[PDB]
Structure formats: structure tokens, C-alpha cells
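Throughout, this note's numbering is defined as the position within the sequence shown, counted from one, plus 286. Taking it in order: structure first as C-alpha cells, then the write-up.
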Amino acid sequence: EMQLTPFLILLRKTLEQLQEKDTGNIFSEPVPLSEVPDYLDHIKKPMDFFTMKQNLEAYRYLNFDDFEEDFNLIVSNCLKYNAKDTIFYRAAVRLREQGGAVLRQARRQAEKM
Ligand SMILES: O=c1oc2cc(O)cc(O)c2c2ccccc12
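Okay, structure coming up:
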């Protein structure tokens, strides 16, 4: 297996690169529940990049799949909650596309560790 600290260095850089694709900063912080009062009704597990950074430092991500699972939640939650003809829905589609390539490259670096 691998050493913890270089893996976490790689996840930190990967998280920064995914945030870079969210040019609108739509997903930087939790969805404001005080402004979306019905959000938790059908979104079981909210996720966002700030929570992911906290989970990263809290060792919730010890393999690439758990990291990618929470990124996929950011995307899938947004596709689920929002109608297809919204800015939010299209932002999540774009993040899924642009983020997918970021993750493939980062995983190949992890797979060399
Ligand atoms: O998925 C979202 O849906 C929203 C719906 C709204 O009506 C209002 C919102 O501020 C959001 C929102 C804000 C930040 C990140 C994601 C979302």
C-alpha cells in the first residue's frame, strides 16, 4: 500500500482542481438551507467542496473512491433538485464532464503510489 501524507497531498491538489472547474463557485459552500427551505426533503446527503475539504482533513477519504463518491454527490444532488432548463442543472452537467477528466488523471497518480 502507500503512505498517507502524499495521498492526502494529491487529494488536496485534486480538490483544488475540481473547484477550479466550478468557475461560478456554485458548489463551494453548502446549499443555503435558509434560502432553499425544501432542500433536505429529497436530498438525502448534501455535499459541497467546503465539506469535502473538511472531510479530507478528517480522514474520511483514505482511498480515491470515497473522495470521488462525495464529488459525485455534489453533481447528482444538483441534477436531482433542479429542473433541466436551469443554470444550476447545466452547471452540474458541466462539472461532471470537466471534473471527470480531473479525477481520471488524479487516480492514475494515486494508482502509481
Ligand atoms: O442546487 C442548488 O439549488 C439551489 C436552488 C435554489 O432555489 C437556490 C439556491 O441558492 C440553490 C443552490 C445554491 C448553491 C448551490 C447549489 C444550489
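Cβ coordinates follow ideal geometry from the N, Cα and C atoms, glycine included.
Q: Return the residue from the list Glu302, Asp334 and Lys307 that minimises the CA-CA distance to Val317.
A: Translated into the one-based positions of the sequence shown, residue 317 becomes position 31. Comparing Cα positions, the closest option is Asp334.
Q.
Please report the distance separating the alpha-carbon of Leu301 from that of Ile295.
A. By 1-based counting over the sequence shown, the position of residue 301 is 15. By 1-based counting over the sequence shown, the position of residue 295 is 9. When rounded, the distance between both Cα atoms is 10 Å.
Q. Is the beta carbon of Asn358 within less than 8 Å of some heavy atom of ligand 1?
A. Taking the first residue of the sequence shown as position 1, residue 358 is located at position 72. No - ligand 1 has no heavy atom lying nearer than 8 Å to the Cβ of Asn358.
Q | Assigned secondary structure, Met338 (DSSP; H/G/I helix, E/B strand, else coil) | A | Along the sequence shown, read from residue 1 onward, the residue named residue 338 stands at position 52. It is helical.
**Q.** Neighbourhood of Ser314 by C-beta, 8 Å cutoff - its chain only, sequence neighbours within 5 removed
**A.** Position 28 of the sequence shown, counted from the start, is the residue given in the question as residue 314. Closer than 8 Å at the Cβ level, and outside the excluded window around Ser314, lie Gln305, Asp308, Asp334, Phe335 and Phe336.
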